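Asks:
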Amino acid sequence: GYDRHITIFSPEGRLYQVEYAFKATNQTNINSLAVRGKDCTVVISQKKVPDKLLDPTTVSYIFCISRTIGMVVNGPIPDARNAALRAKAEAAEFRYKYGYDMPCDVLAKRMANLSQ
Amino acid sequence: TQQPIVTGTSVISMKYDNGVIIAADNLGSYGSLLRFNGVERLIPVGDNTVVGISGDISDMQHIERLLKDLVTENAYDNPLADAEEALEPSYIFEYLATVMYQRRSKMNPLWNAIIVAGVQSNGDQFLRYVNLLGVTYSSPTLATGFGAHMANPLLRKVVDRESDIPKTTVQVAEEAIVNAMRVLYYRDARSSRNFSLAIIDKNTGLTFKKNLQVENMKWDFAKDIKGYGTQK
């Protein structure tokens, strides 16, 4: 019972709760594709606006972190904004304490460690 | 107490084989304000001595009075007085040395560094320095105030010791001085673009050139330097 709610191992040897998170991802029905150019990168994603009432401009999945870094999100949008806001803060703080722009790799590695 | 109000900056000098060169700029500065443009600080005394005085201007002019009277004094009595007993440099210097010591013993100093540059009747180079304390020393090359930390390392290269003096000619020395002024105008707050320069030779007497200007200033590199570090 209380081995599958919190993040401790199960008797088998797997973090159930983490595994349940990946099934939460495909709950928006967005698909995305991302390719490396020769000097650029391009990322397209579908943008389904359900109701006529929604204003089509505010619905977005592409977030500008810095001049250098763009970010496209797959999943539920509350957690989108929560991970995008934390990303922006780390992007600014890096620039301040080391004096150049945050590379792509270093922003990716900082998120994996908060995720852990 | 005397505190300086108006001041001038450095005086720089050096011997060579036939005489001495001595240079100093024309600026009276009153704190930040560069109040007086053109205040001549080299005063020729006779025709084989220059006395260059830096530091306070109120007192620069008060030592100009004593030095004009000393010439008038000697003139009295037999014309032999100005033919072959005329005032050597080594005299004029000893009169300012004895004046400076006495003033400081009343705790009321004449607030000046002084360089007496001349060539004696004997043929010899004479170049000595005195200041508000009364310290005296003679060297191949002499500088005052701020130029003691800057100009002097540059001129000491040319003539390092006593044996280099009969090798250095007037073409080499005149350049070495004019090159020192160039570095003082980069790296000193109280200096100006206009300086004066004197060549005392033992064959053509006193040549006094006024209002020589520093030229050939390198700023070509300056348009590339950008930001204060982290700025792109």
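Protein chains in written order, with the entry's author numbering: chain A, 2 to 117; chain n, 1 to 232. Ideal placement from N, C-alpha and C gives every residue a C-beta, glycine not left out.
Can the beta-carbon of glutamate 88/n be found less than 9 Å from the beta-carbon of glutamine 125/n?
Replies: No, they are not a contact pair.
Asks: Under a Cβ-count criterion, where at least 16 other Cβ atoms within 10 Å of its own Cβ denotes burial, should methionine 103/A be classed as buried or exposed?
Replies: With 16 or more Cβ atoms within 10 Å of its Cβ, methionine 103/A is classed as buried.
Asks: Give me the Cα-Cα distance between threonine 207/n and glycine 118/n, rounded to the nearest whole angstrom.
Replies: Approximately 12 Å, taken between the alpha carbons.
Asks: In the region 136 to 180 of chain n, which residue ranges form an unbroken alpha helix (DSSP H) of at least 4 residues, counting only runs that do not cross its ends?
Replies: Fully enclosed alpha helix (DSSP H) runs of 4 or longer: 151 to 158.
Asks: Measure the Cβ-Cβ separation of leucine 96/n and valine 130/n and say whether it is below 9 Å.
Replies: A contact, by the Cβ cut-off of 9 Å.
Asks: Given 8 Å as the limit, is there contact between the region 141 to 151 of chain n and the region 35 to 46 of chain n, that is, 3 or more CB pairs closer than that?
Replies: With a cut-off of 8 Å, the region 35 to 46 of chain n and the region 141 to 151 of chain n do not count as touching, because too few Cβ pairs lie within range.
Asks: Going by DSSP, what residues sit across from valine 60/A in a beta bridge?
Replies: DSSP lists no partner for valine 60/A.
Asks: Could you have a look at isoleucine 31/A and say whether DSSP puts it in helix, strand or coil?
Replies: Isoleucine 31/A: coil per DSSP, three-state reduction.
Asks: Starting from the Cα of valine 19/A, find the closest Cα among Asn32/A, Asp4/A, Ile66/A and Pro79/A and give me that residue.
Replies: Out of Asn32/A, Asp4/A, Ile66/A and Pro79/A, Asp4/A has the C-alpha closest to the C-alpha of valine 19/A.
Asks: How many Å lie between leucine 110/n and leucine 67/n at the Cα?
Replies: Cα to Cα, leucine 110/n sits roughly 14 Å from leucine 67/n.
Asks: Using a 10 Å radius around the Cβ and a threshold of 16 neighbouring Cβ atoms, would you call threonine 7/n buried or exposed?
Replies: Under this definition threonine 7/n is a buried residue.
Asks: Within the chosen definition, does the region 69 to 81 of chain A reach the region 48 to 59 of chain A through at least 3 CB pairs nearer than 8 Å?
Replies: With the cut-off at 8 Å, the region 69 to 81 of chain A and the region 48 to 59 of chain A do not touch.
Asks: CB-CB under 6 Å to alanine 24/n, same chain, minus the five flanking residues each way: which ones, in chain order?
Replies: Here the set comprises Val11, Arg41, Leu42 and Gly52.
Asks: So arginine 190/n packs on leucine 27/n, CB below 8 Å; how close in whole Å?
Replies: Their Cβ separation, rounded to whole angstroms, is 6 Å, which keeps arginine 190/n and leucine 27/n in contact under 8 Å.
Asks: Assign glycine 19/n to buried or exposed, taking buried as 16 or more other Cβ atoms, counted over all protein chains shown, within 10 Å of its Cβ.
Replies: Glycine 19/n comes out buried.
Asks: With burial defined as no fewer than 16 other Cβ atoms inside 10 Å of the residue's Cβ, what is the status of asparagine 114/A: buried or exposed?
Replies: By the 10 Å Cβ count, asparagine 114/A comes out exposed.
Asks: Using a Cβ-Cβ cut-off of 6 Å (strictly less than) and excluding sequence neighbours within five positions of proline 79/A, which residues of its own chain qualify?
Replies: Counting only Cβ-Cβ distances below 6 Å, and skipping sequence neighbours, we find nothing.
Asks: According to DSSP, is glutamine 125/n part of a helix, a strand, or is it coil?
Replies: In the structure shown, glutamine 125/n sits in a strand (DSSP, three-state: E or B).
Asks: Considering only C-alpha positions, which residue in the set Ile45/A, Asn30/A and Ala109/A is nearest to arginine 37/A?
Replies: For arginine 37/A, the nearest C-alpha among the options comes from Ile45/A.
Asks: Please state whether the Cβ-Cβ distance between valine 183/n and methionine 14/n is less than 9 Å.
Replies: Not closer than 9 Å, so no.
Asks: Which residues does DSSP list as the beta-bridge partners of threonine 49/n?
Replies: For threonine 49/n, which the question treats as bridged, DSSP gives the partners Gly118/n.
Asks: Please state whether the Cβ-Cβ distance between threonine 230/n and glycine 100/A is less than 9 Å.
Replies: Yes, the pair counts as a contact, with Cβ atoms nearer than the cut-off.
Asks: Any heavy atom of the ligand ZN inside 8 Å of the beta-carbon of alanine 92/A?
Replies: With respect to the ligand ZN, the structure offers nothing, as it holds no ligand at all.
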